[PDB]
Each structure stands twice: as structure tokens, then as C-alpha cells.
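In the form deposited in one PDB entry, a lone chain appears below as C-alpha cells.
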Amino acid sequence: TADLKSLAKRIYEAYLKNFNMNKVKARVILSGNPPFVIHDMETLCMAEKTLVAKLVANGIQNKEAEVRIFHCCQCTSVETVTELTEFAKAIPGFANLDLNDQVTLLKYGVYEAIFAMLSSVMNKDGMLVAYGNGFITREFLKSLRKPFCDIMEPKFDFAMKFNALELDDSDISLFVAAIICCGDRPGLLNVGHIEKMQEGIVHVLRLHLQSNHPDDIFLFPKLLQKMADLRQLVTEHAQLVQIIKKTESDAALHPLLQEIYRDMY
């Protein structure tokens, strides 16, 4: 249908406009300001001086390397939450929802969306960082002392299977919209209206996948399962973040992320 084809394009266009990184751009960079490779402590410190020089300009008062990385990961998340919040406006009916419901949907959806979209900048060897200007290796992230190493690898595990689906940005934009419009989030005021909004996006996603991936007759239920997988990934992530908060006094939580996690799971 023309209105459904146009809805899929409106959401794709809103995705290309609001996210600084997309999968086409990421794949160009990942093929080879070429990305500076962070693969050990020496190169982490070099990258810091060029790409986040403010963070390491304190001398002996700088934080432990694992804590600096954790801070930079949170800063990345904060930026993606801002992009996700503006993206959400192109989802039909989202801006027509109660202001409090918009908050609840974004609260439970953003980290599912973050980990889905992280896959676009990940390969089996590492991931893009710092607006495409660095590449940090998966082995280096695994090498961080506990518990900071444990933040990283489950996200690569998710991403490698997600990337094997060979989605493109036109698919992922609709998937991220579908994540944001979940009617079963806790605390929603107008569940009925959200379910109808969800049904419309999921309807467009199913038709789009049929059209864009005729080779994979199971792709739509595969992506439904990935949404469930992402919910569990986020629950587990929040638990690990809580461990870091209680046992690592130097790893301050950004206040915006603090409020996202507050009363989440």
C-alpha cells in the first residue's frame, strides 16, 4: 500500500536524519581521518589525548583506565538517547501520545534500541567509537578488569547473530520504531492507543521485510525474538551496572542514565 510504503520511508528518513551513525556509513569506515585503533593501554591513552583530551588532562588525578572507558561508554549512550528521542517523533501517533507515556516508552526502549543499533558499528574484531574516529578491539575490551569487561562481550554476542540477519538501515529503522512502541511497558497510561500505534509499525515492518528480504521467510519472527532477546540483554545489563555502582566508587553514573535505570527492572 502507498500509505504503508510511505510510512516505512518516513521512518527510514527520520532514522537517516537523526542518527549520526548508520550502517552504510559504518561499513564504509570499517572497510578502511581513518579510524585510530585502540587495542591496548598505550593506544587507549593515545586515543584519549586526541579524541577526548579533556578526560585525561588531570595528571595523576585521572581515573583508572576501566573507569575512563566506562565514562566514555555512558557519554555515547547519552548522545544516542538524545538521537532516539528526536527520532521517536516520526513514529505515527507517538507525538500524539500523552507526554508521560512518551517518557515511559523511551525509558524502557532506549537501551534495547542502543544495543540493537550498536551492532551496526560492530564486527567480530571490535567496534567503532567516537563518532567513527576510533576502532576499539573486542579483545582489548575483554582484557579490562572485572567487572568492566563483563559489560562488553554480551553485546558483541548479540550483535554477531543480529548482523548475520543482514538487515539494512531501512529494516533497522522500523525495528527501532517497533522497539520504542511496545505497549507492554510498565506504567503506561493509554495502553490501548499504544498497542494500536505498535500494531501499525509492526504491520509496516512485516510487509517491509517481505519486500526487502524475500529470501528469508522467517525474518519477521526472527526479529520478534530479537526484541525479546534485547529485553533480557537490558535486564542483565542493568544488573551489571548496579554491581559497578555499588562496588566501584569512582564509576559515577551520568544523571540522565541514572533516571533511565531508576525503577526500570
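Residue positions are given as counts along the sequence shown, with the first one as 1. Here, rigid core means the biggest group of C-alpha atoms that superpose within 1.5 Å across both forms. Only residues modelled in both forms are compared.
Student: Would you say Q239 is missing from a third or more of the other compared entries?
Tutor: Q239: modelled in every other compared entry.
Student: Taking only the other compared entries that model residues on either side of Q61, decide whether it is unmodelled in at least a third of them.
Tutor: yes, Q61 frequently unmodelled elsewhere, at least a third of entries.
Student: Report, from the record, the number of residues in the deposited sequence between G32 and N33 that have no coordinates, as none, 1 to 3, 4 to 9, or 10 or more.
Tutor: Missing in between: 4 to 9 residues.
Student: I need to verify one thing: averaged over C-alpha atoms only, is the B-factor higher for 150 to 158 or for 101 to 109?
Tutor: Mean C-alpha B-factor is greater for 101 to 109.
Student: Between 169 to 177 and 83 to 91, point out the one with the higher average CA B-factor as the PDB entry records it.
Tutor: The entry gives the higher C-alpha B-factor average to 83 to 91.
Student: In terms of recorded Cα temperature factor, pick the maximum from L188, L118, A164, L128.
Tutor: Among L188, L118, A164, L128, the PDB entry lists the largest C-alpha B-factor for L188.
Student: For the listed residues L205, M227, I69, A57, which one has the largest C-alpha B-factor as given in the deposited model?
Tutor: Highest C-alpha B-factor among the listed options: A57.
Student: By the record's CA B-factor, is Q61 among the lowest, middle or highest third of residues in the chain?
Tutor: According to the entry, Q61 has a C-alpha B-factor in the chain's highest third.
Student: Going by the CA temperature factor in the PDB record, which third of the chain does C182 belong to: lowest, middle or highest?
Tutor: It belongs to the highest third of the chain when residues are ordered by C-alpha B-factor.
Student: Taking the entry's C-alpha B-factors for this chain, is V37 in the lowest, middle or highest third?
Tutor: Within its chain, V37 is a lowest-third residue by C-alpha B-factor, going by the deposited values.
Student: In terms of the CA temperature factor given in the entry, to which third of its chain does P214 belong: lowest, middle or highest?
Tutor: CA B-factor rank for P214: highest third.
Student: If you rank the chain by CA B-factor, which third does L233 end up in: lowest, middle or highest?
Tutor: Lowest third of the chain for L233's C-alpha B-factor.
What follows is about the form solved in complex with a partner chain, which we do not show.
Student: Is it the case in the deposited bound form that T43, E64 and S143 each bring at least one heavy atom within 4.5 Å of its partner chain?
Tutor: Not one of the three qualifies.
Student: Among the candidate residues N100, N190, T137, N163, which is the single one with a non-hydrogen atom no more than 4.5 Å from its partner chain in the deposited bound form?
Tutor: Only one option qualifies, and that one is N100.
Student: Please tell me whether any heavy atom belonging to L106 falls inside 4.5 Å of a heavy atom of its partner chain, as the geometry stands in the deposited bound form.
Tutor: Yes, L106 is a contact residue.
Student: So in the deposited bound form, does any heavy atom of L256 sit within 4.5 Å of its partner chain?
Tutor: Yes - in the deposited bound form, heavy atoms of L256 and its partner chain come within 4.5 Å of each other.
Student: Applying a 4.5 Å heavy atom distance criterion, does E86 contact its partner chain in the deposited bound form?
Tutor: Answer yes; at least one heavy atom of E86 falls within 4.5 Å of its partner chain in the deposited bound form.
Student: Might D3 be said to contact its partner chain in the deposited bound form, defining contact as any heavy atom within 4.5 Å?
Tutor: Contact check for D3: no, nothing within 4.5 Å of its partner chain in the deposited bound form.
Student: Looking only at residues in both forms, which consecutive runs of at least three have C-alphas displaced 2 Å or more between this form and the one not shown after fitting the rigid core?
Tutor: After superposing the rigid core, the only shifted stretch between this form and the one not shown is 51 to 54.
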